[PDB]
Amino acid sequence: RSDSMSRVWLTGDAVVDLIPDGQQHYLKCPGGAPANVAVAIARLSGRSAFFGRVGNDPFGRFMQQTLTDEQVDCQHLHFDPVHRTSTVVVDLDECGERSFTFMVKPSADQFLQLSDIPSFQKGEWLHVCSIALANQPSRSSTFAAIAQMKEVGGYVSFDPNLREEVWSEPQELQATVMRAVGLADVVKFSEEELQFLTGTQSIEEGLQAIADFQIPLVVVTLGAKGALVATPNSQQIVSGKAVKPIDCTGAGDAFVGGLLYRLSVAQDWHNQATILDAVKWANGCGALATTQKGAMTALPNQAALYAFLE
């Protein structure tokens, strides 16, 4: 027959990450979780497309140029006439949520409109993170996009990727995020995120707490220990090569990029061997992404990833 490379849509925040380098200097690094995933998929020769809003400013034009250079489809990237592109300062002493300071609140992406959503098609993927749910109108626009992708027979990937300070009403984060968890085909958590969102003290408890959601695939990253893969009535650990991280920025998005790339090119992404293989790629991408400063810098192509996987 013929191969079927499905398009992956990414939406949310494209951001400039200011990363200390020699510091009284910052590296000007392209970033923003869904932009990172888009570039990760494209670098692996996948088919990714971004829709959303950046600012009509140099940082916004920098992110548009970056995504375009990386062969990400940006036909549906919009430039807001008023609001500025997200600008984030990174603390290299931390990893994850604790490492980021958001200087632009609310940034242009928070003003995502219904009209920004492109036509979706059966079999396509949509990936979203929680910053897209942080404030209106992006929150309601993003939930509408999710419902539309489900309706047309596409698939939904959700990575909470929690950044509480972005929420003008942080008391709304837990419920809003769990509503999106309830819409997804694929959900990726860090260990801490799963426990926080479900109010549990163990991964096992956390998984039992969302069993009612009947999620096809839940993946819980375990840092160096790889990832727990949860499918209906089944859990297993998939572990890869451990590396000493130089810059953890973007590791989780790289992980999601490898995962979604392999799901997107699969005959049937629900196939258990397909999923386990996709997580092996995800682990490899996550490790490699830490080897250079910047979320996107070390996102691997297939030659590099295969060489690393052995």
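Numbering starts at 1 and runs along the sequence shown.
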**Complete:** The stretch whose C-alpha atoms carry the larger average B-factor in the entry, 190-198 or 174-182, is 190-198
**Item:** Greater mean Cα temperature factor according to the PDB record, 199-207 or 122-130
**Value:** 199-207
**Complete:** The residue of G226, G154, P106, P137 with the maximal C-alpha B-factor according to the PDB record is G226
**Message:** Just to confirm, going by the entry's C-alpha B-factors, which of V54, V37, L27, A282 comes out highest?
**Reply:** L27
**Prompt:** Comparing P245 with the other modelled residues of its chain, is its CA B-factor in the lowest, middle or highest third?
**Reply:** highest
**Message:** Lowest, middle or highest third: which one holds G31 when the chain's residues are ordered by CA B-factor from the entry?
**Reply:** lowest
**Asked** Taking the C-alpha B-factors as the PDB entry records them, is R43 in the lowest, middle or highest third of its chain?
**Response** lowest
**Item:** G286 CA temperature factor, ranked by third within the chain
**Value:** middle
**Prompt:** If you rank every modelled residue in this chain by C-alpha B factor, which third holds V8: lowest, middle or highest?
**Reply:** lowest
